[PDB]
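Just one chain is shown here, as C-alpha cells, and it is the form solved without ligand MLZ.
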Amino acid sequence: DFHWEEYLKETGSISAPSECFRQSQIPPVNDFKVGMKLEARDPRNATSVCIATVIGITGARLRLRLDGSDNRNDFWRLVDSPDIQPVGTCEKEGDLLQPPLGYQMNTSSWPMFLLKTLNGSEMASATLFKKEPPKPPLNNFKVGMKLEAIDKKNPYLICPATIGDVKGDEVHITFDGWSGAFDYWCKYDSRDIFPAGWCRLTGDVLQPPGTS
C-alpha cells in the first residue's frame, strides 16, 4: 500500500506544506447522498448553472451528472467548491437555470423538465455545502515539493504529483511515474490540488505512483 512518510524517504523529497493550498486545514465532511439534487455550473459551459444529481461519493468529492444529459460527461466537485450550490441559488442571484450542454430534449421543454426532475426529489440541504477555504495570499510552492493532484484526464483519480516548476501564480504539476501527457499548469490556488495526506484524511482514493 502507499504511504507518504515512506514514499518521501524513498524519493528523497518533501511534501508541500498544507498552507500552500486553497484547501481547508481540516478537510470538509461529505454528508451528501447519491440521488440528491443540487445546482452546478456546467463543466462544458461555465456561464450556465444546471441541475445536477449526485451519482457517486468519494472522499470530500461528489460525482455529478447534469439532469437531462447522458452519462458520458460526469464530473467531480468538492463539497466546498464554489461551482456547486443548493437548488434555488441561481434564481436568488438573479440568474436563470440552463439546460445542460447535451440536453436530450427540445429546449422549450426545459421549464417543465425542471419541475418534473426536482419534483419528489431530495434537494441537498444548504447544510451540506461546506465553507470555501481561504486563498493563500501568495504562491508558496517550491520546485520538487510533492502533493496529491487530480488527473484532469481521469478526474476520478487523485495521484502523487510534484511541483515541476513555479512561474508567478502558476505551478506545473507533473505526475510521478507517468508520461508528461498528463502534466498541466494551474493556479497555485487551484481546487484540484491537495496536500499529501488529503485522500487518507477524507477517505478518498489515492492512486499509487505510475508503473511507467
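In this text, residue numbers run from 1 along the sequence as written.
Although not depicted, the form solved in complex with ligand MLZ is the subject of the following passage.
The pocket of the unliganded chain is judged open, since ligand MLZ, transferred from its pose in the deposited complex by superposition of the C-alphas around the site, places no atom within 2.4 angstroms of any backbone or C-beta atom.
This chain is displayed without ligand MLZ, yet in the deposited complex the stretch 153 to 161 from 153 to 161, 24 to 32, 66 to 74, 46 to 54 comes within 4.5 Å of it by heavy atoms.
Shown here without its partner, the chain carries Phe175, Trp178 and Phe182, all of which come within 4.5 Å of ligand MLZ in the deposited complex through at least one heavy atom.
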